[PDB]
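Asks: This is structure.tsv, which holds TSV, C-alpha atoms:
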chain	number	residue	atom	x	y	z
E	1	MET	CA	88.47	20.66	128.92
E	2	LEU	CA	90.52	17.71	130.21
E	3	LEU	CA	89.29	14.28	129.12
E	4	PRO	CA	90.90	12.01	131.79
E	5	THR	CA	89.85	14.21	134.73
E	6	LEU	CA	86.14	13.30	134.66
E	7	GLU	CA	86.38	9.72	133.35
E	8	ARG	CA	87.31	8.14	136.70
E	9	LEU	CA	84.24	9.67	138.40
E	10	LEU	CA	81.70	7.75	136.29
E	11	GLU	CA	81.66	4.80	138.70
E	12	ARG	CA	80.75	7.16	141.56
E	13	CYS	CA	78.04	8.95	139.52
E	14	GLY	CA	75.85	6.18	138.09
E	15	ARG	CA	75.51	4.65	141.53
E	16	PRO	CA	74.41	7.29	144.08
E	17	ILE	CA	77.75	7.30	145.88
E	18	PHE	CA	77.81	11.08	145.35
E	19	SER	CA	74.31	11.47	146.78
E	20	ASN	CA	74.66	15.26	146.58
E	21	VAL	CA	72.67	16.67	143.67
E	22	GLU	CA	74.97	19.68	143.21
E	23	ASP	CA	78.17	17.61	143.03
E	24	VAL	CA	76.82	15.28	140.35
E	25	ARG	CA	75.31	18.30	138.59
E	26	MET	CA	78.73	19.97	138.34
E	27	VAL	CA	80.27	16.66	137.27
E	28	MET	CA	77.61	16.29	134.57
E	29	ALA	CA	78.23	19.87	133.43
E	30	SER	CA	81.92	19.04	133.00
E	31	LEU	CA	80.99	15.78	131.26
E	32	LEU	CA	78.67	17.57	128.82
E	33	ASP	CA	81.39	20.16	128.16
E	34	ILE	CA	83.96	17.46	127.39
E	35	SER	CA	81.49	15.31	125.41
E	36	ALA	CA	82.06	17.63	122.45
E	37	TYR	CA	85.83	17.24	122.91
E	38	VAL	CA	86.20	13.45	122.81
E	39	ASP	CA	87.76	10.78	120.62
E	40	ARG	CA	85.88	8.00	118.82
E	41	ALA	CA	86.18	5.56	121.75
E	42	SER	CA	85.40	7.53	124.93
E	43	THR	CA	82.15	8.70	123.30
E	44	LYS	CA	80.56	5.35	124.16
E	45	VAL	CA	81.84	5.37	127.75
E	46	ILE	CA	80.87	8.94	128.66
E	47	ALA	CA	77.19	8.39	127.83
E	48	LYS	CA	76.71	5.28	130.01
E	49	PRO	CA	75.58	7.10	133.22
E	50	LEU	CA	74.63	10.32	131.46
E	51	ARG	CA	71.92	8.49	129.52
E	52	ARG	CA	70.45	7.33	132.84
E	53	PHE	CA	70.34	10.76	134.46
E	54	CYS	CA	69.02	12.20	131.19
E	55	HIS	CA	66.20	9.64	131.34
E	56	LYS	CA	65.65	10.59	134.99
E	57	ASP	CA	64.29	14.11	134.58
E	58	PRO	CA	64.22	16.82	131.86
E	59	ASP	CA	65.00	19.48	134.49
E	60	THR	CA	68.20	17.61	135.36
E	61	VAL	CA	69.01	17.65	131.63
E	62	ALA	CA	68.32	21.38	131.40
E	63	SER	CA	70.39	22.29	134.47
E	64	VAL	CA	73.46	20.94	132.63
E	65	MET	CA	72.46	21.78	129.06
E	66	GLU	CA	72.15	25.51	129.77
E	67	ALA	CA	75.46	25.34	131.64
E	68	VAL	CA	77.14	24.03	128.48
E	69	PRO	CA	75.23	25.16	125.36
E	70	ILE	CA	75.41	23.48	121.94
E	71	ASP	CA	76.54	25.01	118.64
E	72	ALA	CA	75.54	23.72	115.21
E	73	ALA	CA	78.36	25.03	112.99
E	74	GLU	CA	81.07	23.18	114.94
E	75	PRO	CA	81.72	19.42	114.58
E	76	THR	CA	82.40	18.92	118.30
E	77	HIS	CA	79.25	20.71	119.46
E	78	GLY	CA	77.32	18.95	116.71
E	79	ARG	CA	78.49	15.72	118.31
E	80	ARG	CA	77.50	17.09	121.72
E	81	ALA	CA	74.01	17.31	120.23
E	82	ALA	CA	74.36	13.76	118.84
E	83	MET	CA	75.06	12.13	122.19
E	84	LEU	CA	72.46	14.50	123.66
E	85	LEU	CA	69.92	12.76	121.42
E	86	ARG	CA	71.58	9.46	122.34
E	87	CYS	CA	70.95	10.14	126.03
E	88	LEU	CA	67.59	11.83	125.46
E	89	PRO	CA	64.78	9.44	126.48
E	90	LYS	CA	62.24	8.50	123.82
E	91	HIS	CA	59.34	9.20	126.21
E	92	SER	CA	60.38	11.28	129.24
E	93	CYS	CA	61.71	14.17	127.13
E	94	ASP	CA	59.88	17.46	126.64
E	95	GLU	CA	59.15	18.35	123.03
E	96	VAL	CA	60.71	21.81	123.53
E	97	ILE	CA	64.17	20.31	124.02
E	98	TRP	CA	63.49	17.96	121.10
E	99	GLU	CA	62.63	20.94	118.88
E	100	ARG	CA	65.72	22.82	120.09
E	101	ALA	CA	67.91	19.84	119.17
E	102	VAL	CA	66.06	19.67	115.85
E	103	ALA	CA	66.91	23.31	115.12
E	104	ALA	CA	70.54	22.68	116.08
E	105	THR	CA	70.63	19.66	113.74
E	106	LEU	CA	69.07	21.75	110.96
E	107	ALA	CA	71.71	24.46	111.28
E	108	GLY	CA	74.43	21.80	111.43
E	109	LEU	CA	73.05	20.11	108.32
E	110	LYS	CA	73.34	23.50	106.64
E	111	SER	CA	76.85	23.75	108.15
E	112	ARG	CA	78.31	20.32	107.23
E	113	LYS	CA	81.53	20.94	109.16
E	114	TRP	CA	80.84	17.80	111.20
E	115	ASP	CA	82.60	14.47	110.80
E	116	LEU	CA	81.05	11.81	108.57
E	117	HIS	CA	79.72	9.71	111.45
E	118	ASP	CA	78.07	12.71	113.13
E	119	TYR	CA	75.31	12.91	110.51
E	120	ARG	CA	74.66	9.16	110.68
E	121	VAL	CA	74.51	9.20	114.48
E	122	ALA	CA	72.26	12.27	114.65
E	123	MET	CA	69.87	10.92	112.02
E	124	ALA	CA	69.76	7.49	113.69
E	125	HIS	CA	68.89	9.04	117.05
E	126	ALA	CA	66.31	11.39	115.51
E	127	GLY	CA	64.68	8.37	113.89
E	128	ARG	CA	64.86	6.56	117.23
E	129	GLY	CA	62.90	9.40	118.80
E	130	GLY	CA	60.70	10.27	115.83
E	131	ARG	CA	58.15	11.95	118.09
E	132	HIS	CA	58.10	15.41	116.49
E	133	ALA	CA	59.71	17.79	113.97
E	134	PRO	CA	60.46	15.69	110.86
E	135	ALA	CA	61.58	18.92	109.18
E	136	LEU	CA	65.18	17.65	109.20
E	137	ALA	CA	64.07	14.90	106.82
E	138	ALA	CA	62.82	17.73	104.62
E	139	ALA	CA	66.24	19.37	104.52
E	140	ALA	CA	67.63	15.84	104.20
E	141	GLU	CA	66.52	15.66	100.56
E	142	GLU	CA	68.98	18.49	99.95
E	143	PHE	CA	71.81	17.03	102.04
E	144	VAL	CA	71.52	13.62	100.37
E	145	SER	CA	71.58	15.61	97.14
E	146	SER	CA	74.84	17.33	98.07
E	147	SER	CA	76.50	14.05	99.03
E	148	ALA	CA	75.29	12.62	95.72
E	149	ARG	CA	77.45	15.26	94.03
E	150	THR	CA	80.58	13.68	95.53
E	151	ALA	CA	79.30	10.21	96.55
E	152	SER	CA	82.62	8.43	96.81
E	153	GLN	CA	82.87	4.78	97.83
E	154	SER	CA	83.57	5.72	101.46
E	155	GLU	CA	80.56	8.02	101.94
E	156	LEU	CA	78.17	5.92	99.83
E	157	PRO	CA	77.09	3.42	102.55
E	158	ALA	CA	76.36	6.26	104.99
E	159	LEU	CA	74.51	8.23	102.31
E	160	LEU	CA	72.30	5.28	101.42
E	161	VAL	CA	71.69	4.46	105.10
E	162	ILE	CA	70.48	8.03	105.56
E	163	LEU	CA	68.40	7.78	102.38
E	164	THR	CA	66.70	4.46	103.15
E	165	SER	CA	66.17	5.12	106.86
E	166	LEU	CA	63.97	8.22	106.57
E	167	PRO	CA	60.29	7.38	105.85
E	168	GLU	CA	59.90	10.56	103.77
E	169	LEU	CA	62.87	9.70	101.51
E	170	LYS	CA	61.82	6.11	100.72
E	171	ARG	CA	60.30	7.19	97.38
E	172	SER	CA	62.45	10.22	96.53
E	173	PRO	CA	64.20	10.41	93.13
E	174	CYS	CA	67.53	10.95	94.90
E	175	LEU	CA	67.38	7.20	95.51
E	176	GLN	CA	67.56	6.75	91.73
E	177	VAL	CA	70.28	9.41	91.61
E	178	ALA	CA	72.38	7.38	94.07
E	179	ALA	CA	71.41	4.25	92.13
E	180	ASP	CA	72.99	5.58	88.95
E	181	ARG	CA	75.99	6.53	91.11
E	182	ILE	CA	76.24	2.89	92.22
E	183	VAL	CA	76.21	1.90	88.54
E	184	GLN	CA	78.93	4.44	87.78
E	185	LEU	CA	80.85	3.31	90.89
E	186	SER	CA	80.39	-0.41	90.15
E	187	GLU	CA	84.19	-0.78	90.01
E	188	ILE	CA	84.31	-0.78	93.84
E	189	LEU	CA	83.53	-4.18	95.37
E	190	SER	CA	84.25	-3.72	99.08
E	191	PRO	CA	82.36	-6.56	100.84
E	192	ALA	CA	81.31	-4.58	103.92
E	193	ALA	CA	80.37	-1.65	101.69
E	194	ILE	CA	78.10	-3.77	99.48
E	195	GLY	CA	76.69	-5.33	102.64
E	196	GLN	CA	75.69	-1.84	103.77
E	197	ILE	CA	74.20	-1.07	100.34
E	198	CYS	CA	72.16	-4.27	100.49
E	199	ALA	CA	71.01	-3.55	104.05
E	200	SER	CA	69.95	-0.10	102.83
E	201	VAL	CA	68.09	-1.20	99.70
E	202	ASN	CA	66.29	-4.09	101.42
E	203	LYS	CA	64.70	-1.62	103.85
E	204	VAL	CA	62.19	-0.88	101.07
E	205	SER	CA	61.05	-2.92	98.07
E	206	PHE	CA	63.24	-0.87	95.75
E	207	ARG	CA	63.31	-2.30	92.22
E	208	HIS	CA	65.72	-1.11	89.53
E	209	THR	CA	66.91	-3.34	86.70
E	210	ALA	CA	70.26	-1.57	86.34
E	211	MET	CA	71.05	-2.20	90.00
E	212	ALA	CA	70.09	-5.85	89.64
E	213	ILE	CA	72.32	-6.50	86.62
E	214	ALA	CA	75.23	-4.37	87.86
E	215	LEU	CA	75.24	-5.93	91.33
E	216	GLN	CA	74.86	-9.48	90.01
E	217	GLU	CA	77.65	-9.17	87.43
E	218	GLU	CA	80.35	-9.74	90.07
Please express what this file holds, its structure, as structure tokens.
Replies:
Amino acid sequence: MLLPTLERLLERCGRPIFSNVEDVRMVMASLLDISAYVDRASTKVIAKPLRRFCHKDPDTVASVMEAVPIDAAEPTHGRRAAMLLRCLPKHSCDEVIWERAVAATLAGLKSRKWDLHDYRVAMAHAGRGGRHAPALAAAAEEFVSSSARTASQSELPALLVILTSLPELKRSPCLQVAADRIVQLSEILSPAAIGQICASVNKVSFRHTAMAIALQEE
């Protein structure tokens, strides 16, 4: 609800200064509630101790997660899910919570009210886990389709990162669809952008003559 109220208590939460379980549980409930309502900078800071207690025990995660639920049609709660997956351990996490987050991400992917970085963050963390439920990647071939309809120079690096990161999408024709978009959008020569395109294409051995000539013209 209030961002600055809970930020000063992080130093007393990561270290067991507040040895009481209930006090840190209420603090973590407030932190999870505000995690949806953050800026682009405090998102990194809030997850520093929360990742540790999330790694500690799935029941500790659930005691706070049920206190503050997660919605998929809202950008802020979609983020809440994103840093949930950020803090979710790759090993000490029950597959039920993983599937619940997967369903939330599915409904959010069909919502698309989230900010542009939310999809990248959620997909990166899902790939980091990668233990179960690749069904999102399934729906991904539609989402990467929808972005391909607009596919402006700003969203193109994120779209191709999403495309070339998923193992199921490595050989999908939407790669060629975005490839022809790159040809049509060859007038944009932003160095960091083309760096991202190169870091996306090099993930696989993608070969396309039009990309080669168009990229090597400049």
Asks: Give me, please, the distance in Å between atom CA of residue 16 of chain E and atom CA of residue 43 of chain E, quoted to one decimal.
Replies: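 Those two atoms sit 22.2 Å apart.
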Asks: Between atom CA of residue 104 of chain E and atom CA of residue 72 of chain E, what distance in Å does the model show, to one decimal?
Replies: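 Going from atom CA of residue 104 of chain E over to atom CA of residue 72 of chain E, I get 5.2 Å.
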Asks: For residue 187 of chain E, find every residue with an atom within 12 Å (counting all atoms listed in the file), except residues of its own chain fewer than 4 positions away, and show them as a JSON list (two decimals) with C-alpha atoms, keeping the file's coordinate frame.
Replies:
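The result, stored in selection-v3.json:
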[["chain", "number", "residue", "atom", "x", "y", "z"],
["E", 152, "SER", "CA", 82.62, 8.43, 96.81],
["E", 153, "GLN", "CA", 82.87, 4.78, 97.83],
["E", 181, "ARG", "CA", 75.99, 6.53, 91.11],
["E", 182, "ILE", "CA", 76.24, 2.89, 92.22],
["E", 183, "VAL", "CA", 76.21, 1.90, 88.54],
["E", 194, "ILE", "CA", 78.10, -3.77, 99.48],
["E", 214, "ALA", "CA", 75.23, -4.37, 87.86],
["E", 215, "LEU", "CA", 75.24, -5.93, 91.33],
["E", 217, "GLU", "CA", 77.65, -9.17, 87.43],
["E", 218, "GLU", "CA", 80.35, -9.74, 90.07]]
Asks: Of the candidates E:150, E:190, E:200, E:57, which shows the shortest atom-to-atom distance to residue 170 of chain E, using all atoms listed in the file?
Replies: E:200
Asks: Neighbouring residues of residue 10 of chain E were defined as those with any atom within 10 Å, considering only C-alpha atoms; residues of the same chain fewer than 2 positions away were excluded. Please report them as a PyMOL selection string.
Replies: chain E and resi 6-8+12-15+24+27-28+31+45-50
Asks: Show which residues sit within 9 Å of residue 111 of chain E, as a list in words. Count only C-alpha atoms, and ignore same-chain residues fewer than 3 positions away.
Replies: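 Neighbouring residues, sequence-local ones excluded: residues 72, 73, 74, 106, 107, 108 and 114 of chain E.
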Asks: Show me, as a CSV table (one decimal) with C-alpha atoms, in the coordinates of the input, the residues that have an atom within 9 Å of residue 29 of chain E when counting all atoms listed in the file, minus same-chain residues fewer than 3 positions from it.
Replies:
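Result file follows (part16.csv):
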chain,number,residue,atom,x,y,z
E,24,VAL,CA,76.8,15.3,140.4
E,25,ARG,CA,75.3,18.3,138.6
E,26,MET,CA,78.7,20.0,138.3
E,32,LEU,CA,78.7,17.6,128.8
E,33,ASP,CA,81.4,20.2,128.2
E,34,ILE,CA,84.0,17.5,127.4
E,63,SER,CA,70.4,22.3,134.5
E,64,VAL,CA,73.5,20.9,132.6
E,65,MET,CA,72.5,21.8,129.1
E,67,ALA,CA,75.5,25.3,131.6
E,68,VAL,CA,77.1,24.0,128.5
Asks: Find, counting all atoms listed in the file, the residue in E:91, E:203, E:77, E:86 that gets nearest to residue 113 of chain E.
Replies: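 That would be E:77, the residue with the smallest distance to residue 113 of chain E.
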Asks: Go through E:138, E:212, E:123, E:169 one by one, measure the shortest atom-to-atom distance of each to residue 198 of chain E using only C-alpha atoms, and give the residue with the smallest value.
Replies: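 Distance minimum relative to residue 198 of chain E lands on E:212.
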Asks: With distances taken over all atoms listed in the file, which residue among E:133, E:175, E:188, E:88 lies nearest residue 206 of chain E?
Replies: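 Going through E:133, E:175, E:188, E:88 one by one, the smallest distance to residue 206 of chain E is for E:175.
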